[PDB]
>>> print(open('data23.tsv').read())   # TSV, C-alpha atoms
chain	number	residue	atom	x	y	z
D	24	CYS	CA	-10.88	3.67	-25.22
D	25	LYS	CA	-10.51	4.74	-21.60
D	26	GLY	CA	-9.31	1.80	-19.51
D	27	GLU	CA	-9.05	1.79	-15.72
D	28	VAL	CA	-6.46	0.21	-13.43
D	29	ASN	CA	-6.37	0.34	-9.62
D	30	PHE	CA	-3.26	-1.53	-8.48
D	36	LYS	CA	-2.07	7.56	-6.00
D	37	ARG	CA	-4.54	6.34	-8.62
D	38	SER	CA	-2.33	5.29	-11.55
D	39	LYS	CA	-4.71	5.45	-14.51
D	40	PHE	CA	-4.35	5.51	-18.27
D	41	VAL	CA	-6.00	5.78	-21.68
D	42	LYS	CA	-5.96	2.79	-24.05
D	43	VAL	CA	-5.69	4.47	-27.46
D	44	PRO	CA	-4.45	2.25	-30.33
D	45	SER	CA	-2.03	3.26	-33.04
D	46	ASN	CA	-3.18	4.78	-36.35
D	47	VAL	CA	-5.52	7.01	-34.32
D	48	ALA	CA	-5.54	10.83	-34.21
D	49	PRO	CA	-2.79	11.88	-31.77
D	50	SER	CA	-4.15	15.44	-31.56
D	51	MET	CA	-7.33	14.07	-30.00
D	52	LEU	CA	-5.24	12.02	-27.56
D	53	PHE	CA	-3.12	15.02	-26.54
D	54	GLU	CA	-6.16	17.26	-26.04
D	55	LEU	CA	-8.14	14.65	-24.10
D	56	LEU	CA	-5.06	14.06	-21.93
D	57	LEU	CA	-4.70	17.78	-21.21
D	58	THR	CA	-8.43	17.99	-20.43
D	59	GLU	CA	-8.95	14.74	-18.50
D	60	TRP	CA	-5.93	14.44	-16.18
D	61	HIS	CA	-6.21	18.18	-15.35
D	62	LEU	CA	-2.48	18.39	-16.11
D	63	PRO	CA	-1.01	21.92	-16.13
D	64	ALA	CA	-0.13	23.64	-19.40
D	65	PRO	CA	2.82	21.84	-21.07
D	66	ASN	CA	5.95	23.97	-20.92
D	67	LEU	CA	8.55	21.36	-21.94
D	68	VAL	CA	8.52	17.60	-22.50
D	69	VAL	CA	11.37	15.07	-22.28
D	70	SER	CA	11.34	11.52	-23.64
D	71	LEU	CA	13.48	8.47	-22.85
D	72	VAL	CA	13.60	6.09	-25.81
D	73	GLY	CA	16.32	3.54	-25.05
D	74	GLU	CA	15.18	0.77	-22.70
D	75	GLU	CA	17.94	-1.78	-23.36
D	76	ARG	CA	19.13	-3.38	-20.11
D	77	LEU	CA	22.19	-4.83	-21.87
D	78	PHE	CA	24.21	-1.71	-21.01
D	79	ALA	CA	24.04	-0.21	-17.52
D	80	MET	CA	25.32	3.33	-17.11
D	81	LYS	CA	27.11	4.16	-13.85
D	82	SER	CA	24.69	4.10	-10.93
D	83	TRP	CA	26.24	7.34	-9.67
D	84	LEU	CA	25.84	8.86	-13.14
D	85	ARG	CA	22.19	7.80	-13.30
D	86	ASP	CA	21.49	9.11	-9.80
D	87	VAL	CA	23.17	12.44	-10.55
D	88	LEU	CA	21.23	12.84	-13.79
D	89	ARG	CA	17.99	11.98	-11.99
D	90	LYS	CA	18.75	14.52	-9.26
D	91	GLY	CA	19.46	17.19	-11.86
D	92	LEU	CA	16.21	16.39	-13.64
D	93	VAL	CA	14.30	16.57	-10.34
D	94	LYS	CA	15.91	19.95	-9.63
D	95	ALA	CA	15.00	21.27	-13.09
D	96	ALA	CA	11.44	19.93	-12.75
D	97	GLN	CA	10.53	22.50	-10.09
D	98	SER	CA	11.80	25.43	-12.15
D	99	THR	CA	10.78	24.46	-15.69
D	100	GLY	CA	8.00	21.89	-15.41
D	101	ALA	CA	8.23	18.96	-17.81
D	102	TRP	CA	6.72	15.65	-18.92
D	103	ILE	CA	8.55	12.32	-18.79
D	104	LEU	CA	7.81	10.15	-21.81
D	105	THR	CA	9.93	7.11	-20.97
D	106	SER	CA	8.95	3.77	-22.45
D	107	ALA	CA	7.26	1.29	-20.12
D	110	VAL	CA	16.18	-1.80	-17.14
D	111	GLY	CA	19.43	-1.64	-15.21
D	112	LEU	CA	20.22	2.05	-14.83
D	113	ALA	CA	17.17	3.16	-16.82
D	114	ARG	CA	14.71	1.48	-14.44
D	115	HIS	CA	16.56	2.94	-11.44
D	116	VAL	CA	16.55	6.45	-12.94
D	117	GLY	CA	12.84	6.17	-13.73
D	118	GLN	CA	12.00	4.91	-10.25
D	119	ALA	CA	13.99	7.75	-8.68
D	120	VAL	CA	12.30	10.35	-10.90
D	121	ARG	CA	8.89	8.94	-9.99
D	122	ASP	CA	9.65	8.79	-6.26
D	123	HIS	CA	10.78	12.42	-6.36
D	124	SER	CA	7.74	13.47	-8.40
D	125	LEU	CA	5.54	11.84	-5.75
D	126	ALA	CA	7.11	14.21	-3.20
D	132	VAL	CA	5.48	23.08	-11.38
D	133	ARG	CA	5.18	19.29	-11.32
D	134	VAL	CA	6.54	16.64	-13.70
D	135	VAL	CA	4.54	13.64	-14.93
D	136	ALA	CA	5.73	10.35	-16.41
D	137	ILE	CA	4.06	8.80	-19.47
D	138	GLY	CA	4.81	5.25	-20.62
D	139	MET	CA	4.19	3.99	-24.15
D	140	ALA	CA	3.63	0.35	-25.10
D	141	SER	CA	1.58	-1.66	-27.59
D	142	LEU	CA	-0.56	-4.76	-27.13
D	145	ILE	CA	2.60	-7.81	-21.34
D	146	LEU	CA	1.80	-10.75	-19.08
D	147	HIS	CA	-1.79	-11.09	-17.83
D	148	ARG	CA	-2.91	-9.19	-20.93
D	149	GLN	CA	-6.28	-10.97	-21.04
D	150	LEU	CA	-6.79	-10.37	-17.32
D	151	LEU	CA	-6.09	-6.65	-17.81
D	152	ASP	CA	-8.24	-6.33	-20.94
D	153	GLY	CA	-11.30	-7.48	-18.97
D	160	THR	CA	-11.50	-3.43	-10.83
D	161	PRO	CA	-8.57	-4.33	-8.56
D	162	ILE	CA	-5.69	-5.40	-10.81
D	163	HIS	CA	-3.72	-8.31	-9.36
D	164	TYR	CA	-0.32	-9.15	-10.85
D	165	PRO	CA	1.85	-10.59	-8.02
D	166	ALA	CA	4.68	-11.90	-10.18
D	167	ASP	CA	8.39	-12.04	-9.38
D	175	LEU	CA	6.10	-10.09	-19.13
D	176	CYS	CA	5.85	-6.28	-18.88
D	177	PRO	CA	5.79	-5.33	-15.18
D	178	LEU	CA	4.65	-1.80	-14.39
D	179	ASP	CA	5.46	-0.13	-11.07
D	180	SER	CA	4.15	3.01	-9.36
D	181	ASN	CA	6.27	5.07	-11.76
D	182	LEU	CA	3.44	5.55	-14.29
D	183	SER	CA	1.07	7.65	-12.20
D	184	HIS	CA	-0.63	8.57	-15.49
D	185	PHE	CA	0.01	6.27	-18.43
D	186	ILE	CA	-0.96	5.56	-22.05
D	187	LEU	CA	-1.57	2.16	-23.64
D	188	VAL	CA	-1.82	1.30	-27.34
D	189	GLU	CA	-3.64	-1.67	-28.90
D	190	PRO	CA	-2.75	-1.54	-32.62
D	196	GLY	CA	4.30	-4.93	-35.69
D	197	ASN	CA	6.37	-2.31	-33.89
D	198	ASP	CA	5.75	0.07	-36.81
D	199	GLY	CA	2.42	1.02	-35.23
D	200	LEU	CA	4.05	2.05	-31.96
D	201	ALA	CA	6.86	3.82	-33.82
D	202	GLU	CA	4.49	5.93	-35.92
D	203	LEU	CA	2.17	6.57	-32.97
D	204	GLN	CA	4.97	7.76	-30.68
D	205	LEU	CA	6.58	9.87	-33.41
D	206	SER	CA	3.33	11.60	-34.37
D	207	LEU	CA	2.38	12.21	-30.72
D	208	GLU	CA	5.78	13.78	-30.05
D	209	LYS	CA	5.28	15.86	-33.20
D	210	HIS	CA	1.85	17.09	-32.09
D	211	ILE	CA	2.95	17.97	-28.55
D	212	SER	CA	5.54	20.18	-30.30
D	213	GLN	CA	2.79	22.19	-32.03
D	214	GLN	CA	2.66	25.95	-32.56
D	215	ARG	CA	1.27	28.56	-30.14
D	216	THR	CA	-2.11	26.76	-30.08
D	222	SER	CA	1.22	35.27	-26.68
D	223	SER	CA	3.26	32.83	-28.78
D	224	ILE	CA	2.89	29.72	-26.60
D	225	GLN	CA	4.99	26.68	-27.66
D	226	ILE	CA	7.00	23.74	-26.06
D	227	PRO	CA	10.32	21.78	-26.64
D	228	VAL	CA	10.65	18.02	-27.12
D	229	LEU	CA	13.73	16.01	-26.18
D	230	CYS	CA	14.40	12.38	-27.09
D	231	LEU	CA	17.13	10.63	-25.08
D	232	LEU	CA	18.92	7.55	-26.38
D	233	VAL	CA	20.86	5.34	-23.97
D	234	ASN	CA	22.89	2.89	-26.11
D	235	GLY	CA	19.78	2.62	-28.31
D	236	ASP	CA	18.89	-0.50	-30.28
D	237	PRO	CA	19.30	-1.65	-33.89
D	238	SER	CA	15.57	-0.98	-34.44
D	239	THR	CA	15.62	2.14	-32.28
D	240	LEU	CA	17.81	3.44	-35.12
D	241	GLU	CA	14.85	3.13	-37.51
D	242	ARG	CA	12.72	4.70	-34.78
D	243	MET	CA	15.24	7.57	-34.86
D	244	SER	CA	14.87	7.78	-38.64
D	245	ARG	CA	11.17	8.20	-37.91
D	246	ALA	CA	12.18	11.26	-35.83
D	247	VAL	CA	14.99	12.99	-37.74
D	248	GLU	CA	12.47	14.37	-40.25
D	249	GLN	CA	9.99	14.86	-37.38
D	250	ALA	CA	11.48	18.30	-36.51
D	251	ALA	CA	12.52	17.25	-33.01
D	252	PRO	CA	16.01	17.34	-31.48
D	253	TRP	CA	18.04	14.41	-30.18
D	254	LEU	CA	20.51	14.26	-27.28
D	255	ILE	CA	22.89	11.33	-26.78
D	256	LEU	CA	25.05	10.29	-23.83
D	257	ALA	CA	28.46	8.61	-23.81
D	258	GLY	CA	28.79	6.63	-20.58
D	259	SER	CA	25.42	4.97	-21.16
D	260	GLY	CA	26.55	2.05	-23.30
D	261	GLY	CA	27.99	0.82	-26.57
D	262	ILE	CA	25.66	1.97	-29.33
D	263	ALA	CA	25.56	5.43	-27.74
D	264	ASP	CA	29.36	5.69	-27.69
D	265	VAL	CA	29.62	4.57	-31.31
D	266	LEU	CA	26.80	6.87	-32.50
D	267	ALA	CA	28.97	9.56	-30.89
D	268	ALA	CA	31.26	9.02	-33.92
D	269	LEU	CA	28.93	7.64	-36.62
D	270	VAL	CA	27.56	11.06	-37.59
D	271	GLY	CA	30.43	12.80	-35.79
D	272	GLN	CA	33.00	11.56	-38.31
D	273	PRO	CA	31.71	12.67	-41.75
D	274	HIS	CA	32.24	9.83	-44.23
D	275	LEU	CA	30.18	9.57	-47.42
D	276	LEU	CA	29.52	5.81	-47.50
D	277	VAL	CA	30.97	3.05	-45.32
D	278	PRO	CA	28.76	-0.04	-44.88
D	279	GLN	CA	31.86	-2.13	-44.17
D	280	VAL	CA	32.89	0.27	-41.40
D	281	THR	CA	29.29	0.23	-40.17
D	282	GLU	CA	29.41	-3.55	-39.80
D	283	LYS	CA	32.85	-3.27	-38.19
D	284	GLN	CA	31.36	-0.90	-35.61
D	285	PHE	CA	28.39	-3.23	-35.07
D	286	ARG	CA	30.78	-6.15	-34.47
D	287	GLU	CA	33.18	-4.14	-32.30
D	288	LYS	CA	30.47	-2.83	-29.94
D	289	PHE	CA	29.01	-5.87	-28.15
D	290	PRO	CA	28.89	-8.46	-30.99
D	291	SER	CA	25.95	-10.31	-29.43
D	292	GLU	CA	24.75	-11.31	-32.92
D	293	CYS	CA	26.21	-11.06	-36.40
D	294	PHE	CA	24.36	-9.32	-39.22
D	295	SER	CA	24.36	-9.75	-42.99
D	296	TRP	CA	25.46	-7.11	-45.48
D	297	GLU	CA	21.95	-6.14	-46.63
D	298	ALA	CA	20.74	-5.01	-43.19
D	299	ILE	CA	23.99	-3.12	-42.61
D	300	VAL	CA	23.61	-1.38	-45.98
D	301	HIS	CA	20.01	-0.49	-45.12
D	302	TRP	CA	21.16	0.99	-41.81
D	303	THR	CA	23.92	2.88	-43.65
D	304	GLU	CA	21.41	4.46	-46.03
D	305	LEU	CA	19.29	5.25	-42.97
D	306	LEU	CA	22.32	6.98	-41.42
D	307	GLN	CA	22.71	8.97	-44.63
D	308	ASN	CA	19.10	10.07	-44.16
D	309	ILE	CA	19.79	10.87	-40.49
D	310	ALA	CA	22.74	13.12	-41.35
D	311	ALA	CA	20.53	15.34	-43.54
D	312	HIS	CA	19.54	17.40	-40.46
D	313	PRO	CA	22.44	16.74	-38.07
D	314	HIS	CA	22.03	19.95	-36.03
D	315	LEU	CA	19.31	18.25	-33.94
D	316	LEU	CA	21.79	15.88	-32.24
D	317	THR	CA	24.65	16.39	-29.80
D	318	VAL	CA	26.76	14.11	-27.58
D	319	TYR	CA	27.78	14.52	-23.95
D	320	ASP	CA	29.76	12.44	-21.45
D	321	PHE	CA	28.06	12.91	-18.08
D	322	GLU	CA	30.42	10.51	-16.27
D	323	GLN	CA	33.24	13.09	-16.42
D	329	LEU	CA	22.45	19.03	-16.67
D	330	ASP	CA	19.97	21.63	-17.91
D	331	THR	CA	22.80	23.44	-19.70
D	332	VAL	CA	23.14	20.77	-22.39
D	333	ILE	CA	19.36	20.64	-22.90
D	334	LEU	CA	19.29	24.42	-23.32
D	335	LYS	CA	22.27	24.35	-25.70
D	336	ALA	CA	20.73	21.61	-27.84
D	337	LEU	CA	17.40	23.42	-27.98
D	338	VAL	CA	18.92	26.78	-28.88
D	339	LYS	CA	20.99	25.13	-31.61
D	340	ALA	CA	17.72	23.63	-32.85
D	341	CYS	CA	15.99	27.03	-32.85
D	342	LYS	CA	18.99	28.56	-34.63
D	343	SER	CA	19.38	25.93	-37.36
D	344	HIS	CA	15.61	25.76	-37.91
D	345	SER	CA	15.72	29.42	-38.99
D	346	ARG	CA	16.93	32.82	-37.81
D	347	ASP	CA	13.70	34.42	-36.58
D	348	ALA	CA	12.58	36.32	-33.49
D	349	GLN	CA	9.76	33.85	-32.73
D	350	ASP	CA	11.51	30.58	-31.91
D	351	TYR	CA	14.20	32.83	-30.47
D	352	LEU	CA	11.44	34.10	-28.16
D	353	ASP	CA	10.59	30.48	-27.35
D	354	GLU	CA	14.19	29.82	-26.28
D	355	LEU	CA	14.17	33.15	-24.41
D	356	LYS	CA	11.09	32.24	-22.39
D	357	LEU	CA	12.59	28.86	-21.55
D	358	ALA	CA	15.82	30.50	-20.36
D	359	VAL	CA	13.89	33.01	-18.24
D	360	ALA	CA	12.07	30.06	-16.70
D	361	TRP	CA	15.52	28.57	-16.03
D	362	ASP	CA	17.61	31.72	-15.38
D	363	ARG	CA	20.69	30.54	-17.29
D	364	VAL	CA	21.98	34.05	-17.92
D	365	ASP	CA	25.25	32.77	-19.41
D	366	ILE	CA	23.69	30.66	-22.18
D	367	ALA	CA	21.03	33.35	-22.63
D	368	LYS	CA	23.57	36.08	-23.37
D	369	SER	CA	25.82	33.81	-25.43
D	370	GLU	CA	23.46	31.88	-27.70
D	371	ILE	CA	20.52	34.24	-28.22
D	372	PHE	CA	21.81	37.80	-27.95
D	373	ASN	CA	25.52	37.46	-28.76
D	374	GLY	CA	24.40	35.91	-32.05
D	375	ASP	CA	24.28	38.07	-35.15
D	376	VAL	CA	20.47	38.37	-34.98
D	377	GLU	CA	19.26	41.97	-34.74
D	378	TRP	CA	16.95	42.65	-31.80
D	379	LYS	CA	14.03	45.05	-31.52
D	380	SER	CA	11.27	46.22	-29.22
D	381	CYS	CA	8.43	43.71	-29.65
D	382	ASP	CA	9.80	40.30	-28.63
D	383	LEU	CA	12.22	41.85	-26.14
D	384	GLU	CA	9.16	43.73	-24.86
D	385	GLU	CA	7.01	40.66	-24.27
D	386	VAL	CA	9.82	38.76	-22.57
D	387	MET	CA	10.73	41.89	-20.59
D	388	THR	CA	7.23	41.98	-19.17
D	389	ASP	CA	7.69	38.26	-18.48
D	390	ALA	CA	11.02	38.71	-16.68
D	391	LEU	CA	10.36	41.98	-14.85
D	392	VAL	CA	7.53	40.51	-12.77
D	393	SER	CA	9.50	37.27	-12.33
D	394	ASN	CA	11.99	38.96	-9.94
D	395	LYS	CA	15.06	38.29	-12.11
D	396	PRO	CA	16.90	41.61	-12.46
D	397	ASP	CA	20.01	40.42	-14.33
D	398	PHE	CA	17.69	39.59	-17.22
D	399	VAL	CA	16.09	43.05	-17.14
D	400	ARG	CA	19.58	44.53	-17.42
D	401	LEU	CA	20.42	42.21	-20.31
D	402	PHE	CA	17.27	43.34	-22.12
D	403	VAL	CA	17.63	47.08	-21.52
D	404	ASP	CA	21.21	47.16	-22.78
D	405	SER	CA	20.11	45.02	-25.74
D	406	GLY	CA	17.46	47.45	-26.99
D	407	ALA	CA	14.56	47.51	-24.54
D	408	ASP	CA	13.52	51.18	-24.38
D	409	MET	CA	11.84	51.57	-21.00
D	410	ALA	CA	11.59	55.28	-21.78
D	411	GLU	CA	8.67	54.23	-24.01
D	412	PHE	CA	8.05	50.61	-22.99
D	413	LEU	CA	6.44	51.43	-19.66
D	414	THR	CA	3.18	53.32	-20.10
D	415	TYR	CA	0.59	53.83	-17.37
D	416	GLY	CA	-1.23	50.75	-18.64
D	417	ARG	CA	1.80	48.54	-18.08
D	418	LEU	CA	2.15	50.09	-14.63
D	419	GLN	CA	-1.42	49.11	-13.78
D	420	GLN	CA	-0.61	45.64	-15.12
D	421	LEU	CA	2.54	45.36	-13.01
D	422	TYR	CA	0.76	46.50	-9.87
D	423	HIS	CA	-1.98	43.96	-10.59
D	424	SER	CA	0.59	41.13	-10.67
D	425	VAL	CA	1.45	40.82	-6.99
D	426	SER	CA	1.16	37.76	-4.76
D	427	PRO	CA	-1.77	38.61	-2.45
D	428	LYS	CA	0.38	37.51	0.48
D	429	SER	CA	2.48	40.67	0.04
D	430	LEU	CA	2.02	43.53	2.49
D	431	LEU	CA	1.63	45.96	-0.43
D	432	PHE	CA	-1.40	43.95	-1.50
D	433	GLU	CA	-2.88	44.17	2.00
D	434	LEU	CA	-2.44	47.95	1.94
D	435	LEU	CA	-4.00	48.22	-1.52
D	436	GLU	CA	-6.93	45.99	-0.55
D	437	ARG	CA	-7.68	47.91	2.64
D	438	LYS	CA	-7.33	51.21	0.77
D	439	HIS	CA	-9.80	50.28	-1.95
>>> encode(input="data23.tsv", output="structure tokens")
Amino acid sequence: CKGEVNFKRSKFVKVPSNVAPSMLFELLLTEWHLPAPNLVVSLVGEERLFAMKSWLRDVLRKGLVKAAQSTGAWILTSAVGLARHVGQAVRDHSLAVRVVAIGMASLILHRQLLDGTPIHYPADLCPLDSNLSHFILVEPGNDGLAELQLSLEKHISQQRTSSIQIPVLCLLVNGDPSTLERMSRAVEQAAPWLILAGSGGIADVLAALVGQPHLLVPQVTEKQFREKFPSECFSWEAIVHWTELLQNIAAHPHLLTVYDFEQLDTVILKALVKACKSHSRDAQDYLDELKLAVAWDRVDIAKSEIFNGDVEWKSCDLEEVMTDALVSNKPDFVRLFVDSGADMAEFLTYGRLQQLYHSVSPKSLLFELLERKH
């Protein structure tokens, strides 16, 4: 149900859990008039118990703002400390391709007043700021929100729906003991994970949970839970359940990687290309990664991960992305493609020349000459 809030018109859709996420995604793409999704990034951890370095958070936010103009992404943070500051900075920079923030929450103070239009909430309890310029609300236990978020993130990572497709990234910041089950709801969801180190405790210890391969260790799991901020003790049954859940997590470990940012787009690209490699060795998701790189112009990672790999290249995918990169004024790429197998002795036919001449910014003097001539 479409709900309105006027408190930049920050508006939302109130769609409960256990409801078709494909319909929600399509009505969001059609209603908000939001440009075609290229990539999407999600922020899952919202635990204000651990505060990453303010300088670290500001640097990461600045890097994300820089990458937003080139790539074009969606923020899917959940509606404090360093997380709230990073979100506010990202929103303030988005207010000035374009990136949008999307908050997810179930059925918040003044809930009855909002469920009934100038919204008044002058308080000093789920406060929402101007960060959610376009939001989503759910009115379904936390299992409803978990399944809803997971299935939405799965659908936004659909196929072509020109092989058009987008990447999803879930970011944990020192997580939560139930965010671990939420991560179990995503390991089989065919979506990659990226974890930081200087964010907090649970992040730093997850950096070694799956990093150090041990068959079974519930005792060591509880020792880690009690070493990293022992705010509350746990029994053996819950720790054993979480250990079995870790065993399920480690079934597809390639989708997760750690990084200490206290010591940018490069790690996102590396994680995503590892995902496309471990998923399978095909030219198609390779083409996905290629297109992303060309949108980013990370020639180093492009040559190393995609082409330097043992995959054999050919004319078709290299051809499509060559037409994509030629017009895009990135010559280094064109070189990388022609020495990799692009045969412009037979690629470029008169048709492609007409198509290249048609793709000029009408503010170019060549276009003025062509217009006057015709």
>>> residues_near_point(input="data23.tsv", point="(11.5, 22.0, -28.3)", cutoff="12 Å", atoms="only C-alpha atoms", output="ChimeraX atom specification")
/D:65-70,101,208-214,224-230,249-254,315,333-342,344,350-351,353-354,356-357
>>> closest_residue(input="data23.tsv", among="D:259, D:394, D:414, D:405", to="residue 234 (chain D)", atoms="all atoms listed in the file")
D:259
>>> atom_distance(input="data23.tsv", atom1="CA of residue 425 (chain D)", atom2="CA of residue 330 (chain D)")
28.8 Å
>>> residues_around(input="data23.tsv", residues="residue 273 (chain D)", least_positions_apart="6", cutoff="12 Å", atoms="all atoms listed in the file", output="list in words")
residues 266, 267, 306, 307, 310, 311 and 313 of chain D
>>> atom_distance(input="data23.tsv", atom1="CA of residue 37 (chain D)", atom2="CA of residue 87 (chain D)")
28.4 Å
>>> residues_near_point(input="data23.tsv", point="(-6.5, 5.4, -13.5)", cutoff="10 Å", atoms="all atoms listed in the file", output="compact mmCIF listing (two decimals) with C-alpha atoms, keeping the file's coordinate frame")
# COMPACT_ATOMS: atom_id res chain seq x y z
CA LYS D 25 -10.51 4.74 -21.60
CA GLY D 26 -9.31 1.80 -19.51
CA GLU D 27 -9.05 1.79 -15.72
CA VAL D 28 -6.46 0.21 -13.43
CA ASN D 29 -6.37 0.34 -9.62
CA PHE D 30 -3.26 -1.53 -8.48
CA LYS D 36 -2.07 7.56 -6.00
CA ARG D 37 -4.54 6.34 -8.62
CA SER D 38 -2.33 5.29 -11.55
CA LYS D 39 -4.71 5.45 -14.51
CA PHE D 40 -4.35 5.51 -18.27
CA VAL D 41 -6.00 5.78 -21.68
CA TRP D 60 -5.93 14.44 -16.18
CA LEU D 182 3.44 5.55 -14.29
CA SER D 183 1.07 7.65 -12.20
CA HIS D 184 -0.63 8.57 -15.49
CA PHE D 185 0.01 6.27 -18.43
>>> residues_around(input="data23.tsv", residues="region 73-86 of chain D", least_positions_apart="2", cutoff="8 Å", atoms="only C-alpha atoms", output="number ranges by chain")
D: 71, 88-90, 106, 110-113, 115-116, 119, 231-236, 239, 258-261, 321-322
>>> atom_distance(input="data23.tsv", atom1="CA of residue 199 (chain D)", atom2="CA of residue 176 (chain D)")
18.2 Å
>>> closest_residue(input="data23.tsv", among="D:418, D:349, D:237, D:332", to="residue 302 (chain D)", atoms="all atoms listed in the file")
D:237
